[PDB]
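Shown next, in structure tokens, is the structure this report addresses.
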Ligand SMILES: *[C@@H]1O[C@H](CO)[C@@H](O[C@@H]2O[C@H](CO)[C@@H](O)[C@H](O)[C@H]2NC(C)=O)[C@H](O)[C@H]1NC(C)=O
Ligand SMILES: *[C@@H]1O[C@H](CO)[C@@H](O)[C@H](O)[C@H]1NC(C)=O
Ligand SMILES: *[C@@H]1O[C@H](CO)[C@@H](O)[C@H](O)[C@H]1NC(C)=O
Ligand SMILES: *[C@@H]1O[C@H](CO)[C@@H](O)[C@H](O)[C@H]1NC(C)=O
Ligand SMILES: *[C@@H]1O[C@H](CO)[C@@H](O)[C@H](O)[C@H]1NC(C)=O
Ligand SMILES: *[C@@H]1O[C@H](CO)[C@@H](O)[C@H](O)[C@H]1NC(C)=O
Ligand SMILES: *[C@@H]1O[C@H](CO)[C@@H](O)[C@H](O)[C@H]1NC(C)=O
Ligand SMILES: *[C@@H]1O[C@H](CO)[C@@H](O)[C@H](O)[C@H]1NC(C)=O
Ligand SMILES: [Zn+2]
């Protein structure tokens, strides 16, 4: 049964500040004596956390339902085990599934069911005067739980439950995340001796558990415990005292942090790279110490928002089963060419087929090509001896790379070759595969001459018949099963990738996402990477062009590949920002120069706003003297750190 | 255009046809050598006929390029090896008379009826083990009086025909045509004459004479005990007592002339029988020795295609140990391997021939051969010389570990090798100086037998037991003389065999005498050897020699160093007996 607690004084909510709290280990790799940058969901430094009490004196048994935005930092200052658990869910009313994490006097219970939670859930500890003892009497959390998918009960323990009188003695920090069906919990416990507020200091949380629950958490609610005795007179809804405890809630955002690992492998310090321009220069220099000077930082920071990849919607597989498993391969002197277009083509399975003697690529990294956009792909398939496969490469010479098949130096393709003794050799000889032996001049890259001109090797006119000094230029390979490796038939397929101004046609595979505007987002259009605000453009280009470039040749107008619109690109914002520091050793005070502001596109106004031809300077006092230059600001203006 | 540029084109067109016709002939020869049945002979003859007619026409074509314009020195060598007229320069009528003479000589030697006893194994077994003075005299005289009597008139026509054929090809005599292999011309500082071979063959034998005189006096003084009163201390050894029909090898004399009889030798047949070596492990051990000295592994097709064990009675095949290089990257070994130390040695010998043929596979078709004729067998022999030392057999599982060696064993070993190595050098030198003298015309036709037995007593120290008049023909009995083969390859093989061994033992940093030096686990020596195996015939043999030993001419000093302990022991043993011989005493 559920009881609505009465006799609780209502007070306005309280807020406090997190002093570099809520840092956890991002992965499970040991590192020591290193500065490591990582982008993940963290609690920002010097943030604004909400504060909740359980103080009898007012009652103030706080247990509101709170949002669960992108993960929660939960801190608890206790001395008597009041905070007992949480419930996470969306509606918390048996129409949807909810998660219960509770610590009852004996066990830790984790359940995922359809709960009819009470409006005011709580736990109850009762104290007997006649024999001094505190024992758990009430468990009033939910009415019914029907369809349970995940369950866990820990090994039995006995908890203290005794009411204490001193100040808070235990800090318990938790971080809760919900990603791809996993509810992730990090935690750490710390001894403290204080009375109020969230304390200073640094301590990284370690991975605790990773639950595969698969539900949609949007809200959560804290589960506390009650004290009842002979000094708590009333009915169920009024005869209850509280017991002091406090807890703090903060919300995680995607941030880049610079974490510090000492020589034992523990995170001892961190820098929030998007707190301040000073922190940004710390992040760039990859150090915790900044020397005196002026540093360029970056344009107005909207932070990470969301990442999109946009690719053409074409789901037809490429005929790679027809080039490689072709029934009849063609003589080297008259090779074949097949152009594969409008197709999504996977290469990783081709790479790992592991039936290939030689698989080499030039001008393309072996793994990057799996997700790239080209305008066309060609495939040239023929047959040669094993020894001459070396000549199939840019800048080589011989009877194959001079008169048969010539490659250019700037080659953007991949050479694949595999022995085929079994298929195309037989006893007595396989004399079908001819190759040119005599030619007047070398072959230009990618040119085919399949003529049978009689080679006039000397001075006499040959008249069109062979004999002395008139040689027929095509000579036929002799393949047999008993030959060596050097004389055995290898089939070779040469892939070529070409890119033009035309709209991409070989792109894949990689699933695309939605398109968002008015935020500063990361984007991937047809293999091009960028970070900026994408804006709708009421403009047009000529049909044969896809990208627009400015005077610096960066892309300013990138056409979406699915709907053929034109989308403009503006950096997060448009500003010029510089930072002046006397040295982190000396002080933490800094000045900021905005090079394109006439004094407002500034991070903060403060005071001491001074206008120079170098820009608007904020955080520095202007004096009418004229000293020697200490720190150059520009346009004749210098800065110093004085008394 | 220029003759050199048109010649490089002709040879590019040639090598492609030649490689395929050669492989097509080698496969058809292997098929008959492994399946000695019917119908295979016809394919052997057809594949050996198409090759011969194609090479004859391609050689007629080669002439049209004059050889003075070509200055490359490589195309010079291919065109030299192709433009040789051979025997076709002789008229049509006398070419069939000459080939009839050759056929009759081979037939008259192969089928010799002594009554009825043939040669193998009729007279050979009597001569090699009878140990009776008169039985072996009958078995000697019969052959010298039948097979040598039926070949007398023919060899007189064979001499004049071959002499005119060699005179037509711009040589002086057939002796010069034979001598012309050791000839280098055009490479300044490395030149070699055909008159230079007669020299050096004399200033190297006159340097080995003392060891032979002490080995001769020891063998005679140990042979006086067996045949009691037939040999005289001053006189020479009669010709029928030298342990062979022709007195070519003294090996069969080792059953008598044992220095220290009681001690045995390193016979390891029982060690391999005990551990059940399956007639294939031997070749794996050979492959591992070569892999360890640094050279590349065996090709895969060797293991499947090659025949390494007699197929049984159902399939008969002639199996004289051989290494086959069929071209087109195909190598095979043909041996009826049996579990015996002898086949453990021959496996390393044949494997060294196979390792020599893999080295120069990159060269053109006409330059895929040893630097000169006396290089394949030196390479095949030094590997069987290193794979026999007791240290190596100790490294391998057999030859039980402790086995301390004493000097009394190393003298038995050295003398058993000396009877084989330094006993056949004065016979090779005397035979190949007689044929050069007869071909040049120094010996008139009435002094053929009277001068042979004056060469014998002054060079080999071997008297005849019954005088032979002018009608007889003694040298024509030997297989090489009647079947028209060269013979100076066996005088140079022996010398190269030990200059290679000294240079590679030095490069392995071995310390001590050479008779127990081993080469395994020494990569540097293997690189030194492969730096000369790789050249093939494309470089002059003096340069190929200088890449290994360090000299431009053949020497005898390493051979003498190898036998220094034996030489000292013999120089001490003979002091009671005589040294040298006398030409007067004849048993008759
Ligand atoms: C060359 O070195 C190899 C080392 O791999 C030697 O092989 C060893 O031989 C001994 C002798 O029986 C064995 O007990 C070892 O097991 C072998 N292997 C190793 C790794 O030691 C080989 O013997 C050397 N060659 C010679 C001639 O001694
Ligand atoms: C070619 O055939 C093999 C054998 O059936 C098959 O495994 C492979 O997937 C086919 N395609 C390619 C591109 O190799
Ligand atoms: C696929 O791309 C074409 C491009 O012309 C577009 O018209 C079509 O609507 C797309 N289909 C989708 C996104 O389902
Ligand atoms: C040997 O030749 C005969 C003759 O036809 C043939 O039947 C037999 O198969 C051959 N041997 C082998 C191993 O093929
Ligand atoms: C002779 O020609 C070959 C190519 O056929 C060449 O490699 C060699 O260098 C030439 N010889 C000289 C001395 O240039
Ligand atoms: C071979 O005979 C022909 C016939 O005239 C001759 O021209 C040629 O020089 C001869 N070859 C040699 C090497 O003498
Ligand atoms: C080549 O020899 C080395 C050394 O014994 C061995 O490790 C390797 O497997 C051999 N490879 C082949 C193909 O025989
Ligand atoms: C060496 O060999 C000689 C030859 O008879 C023998 O007398 C001697 O005892 C052997 N050993 C030594 C150590 O000399
Ligand atoms: Zn041999």
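Quick note: numbers on chain A are straight from Swiss-Prot, i.e. 14-70, 76-617, 633-676, in order.
If you're wondering, the header gives electron microscopy, 4.2 Å.
Using N, Cα and C of the backbone, Cβ positions are placed for all residues, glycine too.
Feature region 'Disordered', per Swiss-Prot, maps to range A:142-164 of the set A:142-164, A:188-210, A:211-233. Swiss-Prot assigns the feature region 'Disordered' to one of the listed ranges (A:95-107, A:108-120, A:121-133, A:173-185), namely A:173-185. Across the 5-residue gap left unmodelled in the deposited entry, the distance from the Cα of residue A:70 to the Cα of residue A:76 comes to 6 Å.
In the three-state DSSP reading, residue A:301 (disulfide bond) counts as helix. In sequence order, A:108, A:114 are the residues near residue A:234 (N-linked glycosylation site), counting only same-chain partners six or more apart with C-beta under 8 A.
Of all the Cβ atoms in the protein chains shown, 14 others lie within 10 Å of the Cβ of residue A:671 (disulfide bond). Comparing the Cα of residue A:325 (O-linked glycosylation site) with the Cα of every entry in A:282, A:379, A:391, these being the recorded positions, the smallest distance points to A:391.
A count of other CB atoms within 10 A of each Cβ picks out A:343 as the most crowded of the glycosylation sites A:343, A:657.
Cβ neighbour density within 10 Å is lowest for A:282 among the glycosylation sites A:282, A:323, A:331.
On its own chain, residue A:15 (disulfide bond) has A:136, A:137, A:138, A:139, A:158, A:161 as residues at least 6 apart in sequence with a Cβ closer than 8 Å to its own Cβ. Over all protein chains present, the Cβ of residue A:291 (disulfide bond) has 19 other Cβ atoms lying within 10 Å.
Each of the disulfide-bonded residues A:361, A:590, A:649 was assessed for Cβ neighbours inside 10 Å, and the highest tally belongs to A:649. With respect to ligand 3, the recorded positions A:323, A:331, A:379, A:525, A:538, A:662 contribute A:331 as residues with a C-beta closer than 6 angstroms to one of its atoms, given in sequence order.
Here 15 residues go unmodelled in the deposited structure, bounded by residue A:617 on one side and residue A:633 on the other; the Cα atoms of these bounding residues are 8 Å apart.
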